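>
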Amino acid sequence: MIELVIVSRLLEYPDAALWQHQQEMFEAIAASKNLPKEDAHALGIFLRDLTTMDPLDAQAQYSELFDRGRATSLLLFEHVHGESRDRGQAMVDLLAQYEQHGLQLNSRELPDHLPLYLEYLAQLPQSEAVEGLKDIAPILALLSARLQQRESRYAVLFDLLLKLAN
Amino acid sequence: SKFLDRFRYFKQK
Numbered sequence: 001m002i003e004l005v006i007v008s009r010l011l012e013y014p015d016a017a018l019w020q021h022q023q024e025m026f027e028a029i030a031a032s033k034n035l036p037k038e039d040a041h042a043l044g045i046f047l048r049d050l051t052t053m054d055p056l057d058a059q060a061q062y063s064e065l066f067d068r069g070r071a072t073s074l075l076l077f078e079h080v081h082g083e084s085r086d087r088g089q090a091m092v093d094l095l096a097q098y099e100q101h102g103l104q105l106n107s108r109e110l111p112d113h114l115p116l117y118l119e120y121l122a123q124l125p126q127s128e129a130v131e132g133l134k135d136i137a138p139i140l141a142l143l144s145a146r147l148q149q150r151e152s153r154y155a156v157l158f159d160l161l162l163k164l165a166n
Numbered sequence: 002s003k004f005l006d007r008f009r010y011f012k013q014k
């Protein structure tokens, strides 16, 4: 699902490459087949709001929101498993599930890093990707809920992912 | 190559 890649990029630390490929993304969002017209609009609003900021200023807001705290962490297993040892085995089992689909970590991010996990989902058949979102949907909803409390438009990206889940 | 078709976290085996 191109939508899953698109959200994966928008949910990551705002990279300069976002600004120089905004045209490509705006068009992909516009021609989206998996999102109703109103949600594609909301996603395009988000991208436009993001890339009218200077990346340095986008990066600073992102960190104030996702890198300062645990309640807004993008490591999924930090929301699933309370014991650190449980998280470990979960990460291993997720790494193996990646290896099963012929995918190998080529990053310095953890396996349950949501943007990374979305990249994995996007490689799957439609149904296989949709189940993935259903699997983490209580996490998606908590994060969205929390972001709304902080009155942050990143919540939009979680609602869109939840929408894609049904 | 289109941006959205370039991997950012993974590679093939």
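Chains as they are written, first to last, in the authors' numbering: chain A, 1 to 166; chain B, 2 to 14. The beta carbon of each residue, even a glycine, is placed where N, CA and C say it ideally should be.
Distance cutoff 8 Å, beta carbons only. Does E24 (chain A) sit that close to anything in chain B?
Looking up residue 24 (chain A) in the first sequence gives position 24. Chain B contact via Cβ: present.
> Please state the DSSP three-state secondary structure of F8 (chain B).
As a position in the second sequence, residue 8 (chain B) is number 7, starting the count at 1. Coil.
> CA-CA distance, residue 168 (chain A) and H113 (chain A)?
Only positions 1 to 166 of chain A appear in the structure, and residue 168 (chain A) is not among them; the question remains open.
> Nearest to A165 (chain A) by alpha carbon, out of A:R153, A:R146, A:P138, A:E151?
Numbered from its first residue, the first sequence carries residue 165 (chain A) at position 165. Closest option to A165 (chain A), Cα to Cα, is A:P138.
> Mind pulling the alpha helix (DSSP H) runs of 4 or more residues that sit fully within the stretch 108 to 146 of chain A?
Entirely contained in the stretch 108 to 146 of chain A, the alpha helix (DSSP H) runs reaching 4 residues are, in chain order, 114 to 122.
> Contact criterion: CB-CB distance below 8 Å. Does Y120 (chain A) meet it with respect to chain B?
Within the first sequence, numbered from 1, the residue matching residue 120 (chain A) stands at position 120. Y120 (chain A) counts as touching chain B.
> Determine which residues share a DSSP beta bridge with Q104 (chain A) and list them.
Here residue 104 (chain A) is taken as the residue at index 104 of the first sequence, counted from 1. In DSSP, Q104 (chain A) forms a bridge with B:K12.
> Would you say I2 (chain A) lies against chain B (beta-carbon separation less than 8 Å)?
Walking along the first sequence from the start, residue 2 (chain A) turns up at place 2. True, the Cβ-Cβ gap to chain B drops below 8 Å.
> State the DSSP-derived secondary structure class of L47 (chain A), mapped to helix, strand or coil.
Your numbering for residue 47 (chain A) matches position 47 in the first sequence. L47 (chain A): helix per DSSP, three-state reduction.
> For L35 (chain A), does the three-state DSSP call read helix, strand or coil?
Looking up residue 35 (chain A) in the first sequence gives position 35. Three-state result, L35 (chain A): coil.
> Kindly indicate the opening and closing residues of the alpha helix (DSSP H) around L75 (chain A).
The residue given as residue 75 (chain A) occupies position 75 in the first sequence. Segment: none, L75 (chain A) is in no alpha helix (DSSP H) and carries neither H nor E.
> Please determine, among A:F46, A:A16, A:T72, the residue with the shortest C-alpha to C-alpha distance to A141 (chain A).
For the purposes of this step, residue 141 (chain A) is taken as residue 141 along the first sequence, with counting starting at 1. Among A:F46, A:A16, A:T72, the Cα nearest to that of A141 (chain A) belongs to A:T72.
> Just checking my contact of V7 (chain A) with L161 (chain A) at CB under 8 Å: how many whole Å lie between their CB atoms?
Indexing the first sequence from 1 puts residue 7 (chain A) at position 7. Indexing the first sequence from 1 puts residue 161 (chain A) at position 161. About 6 Å; that satisfies the 8 Å criterion.
> Could you spell out the range, first to last residue, of the alpha helix (DSSP H) harbouring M25 (chain A)?
By one-based count along the first sequence, residue 25 (chain A) stands at place 25. Segment 22 to 30, the alpha helix (DSSP H) holding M25 (chain A).
> Name the chain B residues that come within less than 8 Å of residue 241 (chain A), Cβ to Cβ?
Nothing about residue 241 (chain A) can be reported from this structure: the residues present for chain A run from 1 to 166 only.
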